[PDB]
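Naming: A, B, ... by sequence-line order, numbering from 1 per chain.
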Amino acid sequence: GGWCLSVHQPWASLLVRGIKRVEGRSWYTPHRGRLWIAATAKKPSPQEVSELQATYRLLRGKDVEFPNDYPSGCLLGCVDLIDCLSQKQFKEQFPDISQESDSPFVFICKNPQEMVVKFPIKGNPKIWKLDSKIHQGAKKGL
Amino acid sequence: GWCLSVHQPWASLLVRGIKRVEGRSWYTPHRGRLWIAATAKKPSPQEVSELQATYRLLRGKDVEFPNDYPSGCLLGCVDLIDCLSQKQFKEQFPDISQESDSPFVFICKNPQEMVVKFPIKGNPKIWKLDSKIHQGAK
DNA sequence: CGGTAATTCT
DNA sequence: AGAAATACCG
């Protein structure tokens, strides 16, 4: 079926944009391939948005094109989770982006996709299974 | 459509009508149809047996219990007719007053049970179902 | 962030 | 079952 990871905004929208290229967690995951991204229920403050955008200007340049909305509580899109590296192997295998994450495990993401219509959703911990009908309509929407 | 997640084996007993109230620590304004989902917590066979004995005391020896108590799924619905404090519970329902000592007691009527139990992930308190999940529930 | 019969897994 | 988690709501 469809497997999903819930992420706090404004990080989540950066992930489905391809602006944020890794996701850092304290725990390891065997999951590979298509990983759906849902924003958690957390509402980001305007400060949180501007501070995160500033940090990514340091990391990816002044001409990063950020999203104009960071909606919470919805399915945003998907990435492909190609690898889950320890922090040590992250630095060694990705020294050009090693600075994007200080977490114990680092989810290596490619092929970011962003949905045009974001389906409302209530998330779960870690990587969890989408209800089959939201998943179906979600891959249709793409 | 609104849902309440309940631990097995209490959850299936609610949709059976065997369990007639749900006691919680908190008040809810919700009235009318309330869907009951089993939480993901699995009861031991021992716990199921002890609970069934308890409900044989309260409802008779020939209570027809469900044959399984599946976890993590939509089970059915009740009508939530009232949410009483423990006092108003003792006053208005003194014949089942012993069935719950909780700060608030949800009075449940018209229990209905689905034939196929749809798997579902719950949320705390009374939470809103997806309208299409709500559709298929009938 | 605390309250919650949320869900996950050794 | 009891830990654990970017669960959810207020």
For this session: Scan residues 19-30 of chain B against DNA chain C and write down, sorted by residue number, each residue with any heavy atom closer than 4.0 Å; if none is found, say none.
Result: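 Only B:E22, B:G23, B:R24, B:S25, B:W26 qualify.
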
Exercise. Which atoms form the tightest heavy-atom contact between B:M114 and B:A137, and what is the distance?
Worked result: CG-O, 3.9 Å

How many Å lie between [atom1] on [X] and [atom2] on [N], as a whole number?
X: B:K128; N: C:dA6; atom1: NZ; atom2: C1'; value: 18 Å
X: A:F105; N: D:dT6; atom1: CZ; atom2: P; value: 13 Å
X: B:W2; N: D:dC8; atom1: CH2; atom2: P; value: 15 Å
X: A:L75; N: D:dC8; atom1: CG; atom2: P; value: 12 Å
X: A:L130; N: C:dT7; atom1: CG; atom2: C1'; value: 14 Å
X: B:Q8; N: D:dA1; atom1: CD; atom2: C1'; value: 17 Å
X: A:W36; N: D:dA7; atom1: CH2; atom2: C1'; value: 20 Å

Exercise. What is the sugar pucker of C:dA5, north (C3'-endo side) or south (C2'-endo side), as given by the torsion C1'-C2'-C3'-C4'?
Worked result: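 It's south.
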
Exercise. Does B:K121 have any salt bridge (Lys or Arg N to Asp or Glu O under 4.0 Å) partners at least two apart in sequence or in another chain, and if so, which?
Worked result: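 B:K121 satisfies salt bridge (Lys or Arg N to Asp or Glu O under 4.0 Å) with no residue once adjacent residues are dropped.
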
For this session: Could I get the full list of ring-ring contact (aromatic ring centres under 6.0 Å, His included) partners for B:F65, not counting sequence neighbours?
Result: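 So B:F65 forms no ring-ring contact (aromatic ring centres under 6.0 Å, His included) with any residue.
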
Exercise. Sub-3.5 Å donor-acceptor pair from the side chain of B:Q88 to the main-chain atoms of B:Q92, do we have one?
Worked result: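 Not a single qualifying donor-acceptor pair exists.
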
For this session: May I ask you to decide if A:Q9's main-chain N or O and A:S13's side chain share a donor-acceptor pair within less than 3.5 Å?
Result: no

For this session: Determine, using ring centers only, whether B:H134 and B:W2 are less than 6.0 Å apart.
Result: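 Judged by ring-centre distance (under 6.0 Å), B:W2 and B:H134 do not meet the cut-off.
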
Exercise. Does A:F107 have its ring centroid less than 6.0 Å away from the ring centroid of A:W11?
Worked result: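 Not close enough - the centres of the two rings lie 6.0 Å or further apart.
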
For this session: Kindly indicate, with the supporting measurements, whether the criterion salt bridge (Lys or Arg N to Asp or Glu O under 4.0 Å) is fulfilled by B:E64 and B:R59.
Result: CA-CA 10 Å; B:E64 250 176 53; B:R59 296 276 181 290; over 6 Å; no

Problem set entry | Donor-acceptor side-chain pairing of B:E47 and B:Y69 below 3.5 angstrom | no

Exercise. Is it true that A:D83 and A:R32 make a salt bridge, defined as a side-chain N closer than 4.0 Å to a carboxylate O?
Worked result: yes

Problem set entry | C1' gap between C:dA6 and C:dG2, integer Å | 14 Å

Exercise. D:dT6 and D:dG2: how far apart are their P atoms, nearest whole angstrom?
Worked result: 22 Å

For this session: Let me have DNA chain C in dot-bracket notation, would you? Count Watson-Crick plus G-U wobble pairs, both distances under 3.5 Å, and use [ ] for pairs crossing earlier ones and | for inter-strand partners.
Result: ||||..||||

For this session: List, by chain and number, the other hydrophobic cluster members for B:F89, where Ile, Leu, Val, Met, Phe, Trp and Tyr join if side-chain heavy atoms come within less than 4.5 Å, directly or indirectly.
Result: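 Once heavy-atom contacts under 4.5 Å are chained together, B:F89 belongs with B:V21, B:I81, B:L84, B:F93, B:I96, B:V105, B:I107.
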
Could you list, one pair per line, each protein nitrogen or oxygen that sits under 3.5 Å from a nitrogen or oxygen of nucleotides 8-10 of chain C, together with the distance?
from: C:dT8; atom 1: OP1; to: B:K121; atom 2: NZ; distance (Å): 2.8

